[PDB]
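Worksheet for the structure shown next.
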Amino acid sequence: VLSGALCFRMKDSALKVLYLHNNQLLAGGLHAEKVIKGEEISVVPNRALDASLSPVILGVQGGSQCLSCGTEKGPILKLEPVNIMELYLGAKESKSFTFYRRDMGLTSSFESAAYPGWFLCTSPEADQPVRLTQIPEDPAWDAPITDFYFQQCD
């Protein structure tokens, strides 16, 4: 087993780096990038789910908090005060804390395992929270961005 979670750096396809502010993950513009450092994203595979779907659990602050979609009838992206290693080692499904990664080459998309059809996304605007969205039939320049550069820290 991992002695610590994997370390990744994330930014959307528009190169907006994800950072933390007031307990929320935001995607910053070039200006924000000069003030705050991108957040090191903790990552662990969710071994309770189908490996062919690339299930992962994402966390922040050294893995002290993890991204969750909640358990309501509708998805709500929020950081929860649970250590990613607790989820990693626990014999518990933890589906609401899981995303299915779709590797498209240079970038990846992340679909909520608990809420099919909902994907992690960023706004075309800078410094807005990362959220969840369903994919529109027709693309647009002002539509949410669901593709991310998912790179392991050096």
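Chain labels run A, B, ... following the order of the structure tokens; each chain numbers its residues from 1, and ligands are numbered from 1 in the order shown.
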
| query | Which residues come within 6 Å of residue 16 (chain A), counting only C-alpha atoms, excluding same-chain residues fewer than 5 positions away, as a VMD selection string? | reply | chain A and resid 11 27 to 29

| request: Go through region 63-117 of chain A and collect every residue that DSSP, computed from the backbone, puts in alpha helix (DSSP H); the answer should be as a PyMOL selection string. | output: chain A and resi 84-89

| said: My list of candidates is A:59, A:148, A:139, A:126. Which is closest to residue 45 (chain A) when distances are computed with only C-alpha atoms? | reply: A:59

Which residues are near residue 56 (chain A)? Cut-off 9 Å, only C-alpha atoms, ignore same chain within fewer than 3 positions. Put them as an mmCIF file with C-alpha atoms, in the first residue's frame.
```
data_model
loop_
_atom_site.group_PDB
_atom_site.id
_atom_site.type_symbol
_atom_site.label_atom_id
_atom_site.label_comp_id
_atom_site.auth_asym_id
_atom_site.auth_seq_id
_atom_site.Cartn_x
_atom_site.Cartn_y
_atom_site.Cartn_z
ATOM 1 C CA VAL A 43 -4.638 11.177 -5.385
ATOM 2 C CA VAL A 44 -5.338 7.538 -4.586
ATOM 3 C CA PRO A 45 -7.066 4.866 -6.645
ATOM 4 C CA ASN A 46 -10.408 3.655 -5.243
ATOM 5 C CA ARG A 47 -9.754 -0.090 -5.189
ATOM 6 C CA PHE A 97 -15.678 10.673 -3.001
ATOM 7 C CA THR A 98 -14.819 9.016 -6.297
ATOM 8 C CA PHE A 99 -14.363 10.155 -9.885
ATOM 9 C CA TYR A 100 -13.856 8.053 -12.993
ATOM 10 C CA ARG A 101 -10.906 9.354 -14.990
ATOM 11 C CA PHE A 110 -13.386 13.247 -14.281
#
```

| Could you write out, as a PyMOL selection string, all the residues of region 2-118 of chain A that DSSP marks as strand (DSSP E or B)? | chain A and resi 6-12+17-21+24-27+41-45+55-60+65-68+78-80+98-103+108-112

| task | Check the smallest atom-to-atom distance from each of A:65, A:54, A:123, A:94 to residue 141 (chain A) using only C-alpha atoms, then report the winner. | result |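 Among the listed residues, A:123 lies closest to residue 141 (chain A).
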
| field | Spatial neighbours of residue 7 (chain A), max dist 12 Å, only C-alpha atoms, sep filter under 3 positions, as a list in words | value |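 The contact residues come out as residues 2, 4, 10, 39, 40, 41, 42, 43, 44, 57, 58, 59, 60, 61, 62, 63, 84, 150, 151, 152, 153 and 154 of chain A.
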
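Separating CA of residue 114 (chain A) from CA of residue 52 (chain A) is a distance of 16.3 Å.
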
| With only C-alpha atoms as the atoms that count, which of A:140, A:49, A:30, A:69 lies nearest to residue 14 (chain A)? |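 Answer, going by the shortest atom-to-atom distance: A:30.
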
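The coordinates place CA of residue 36 (chain A) at 7.2 Å from CA of residue 19 (chain A).
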
| remark: Nearest to residue 106 (chain A), restricted to only C-alpha atoms and choosing among A:119, A:137, A:12, A:81, comes out as A:12

| Of the listed residues A:93, A:86, A:80, A:33, that which approaches residue 15 (chain A) most closely, counting only C-alpha atoms |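 Answer, going by the shortest atom-to-atom distance: A:33.
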
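What separates CA of residue 127 (chain A) from CA of residue 108 (chain A) is a distance of 20.7 Å.
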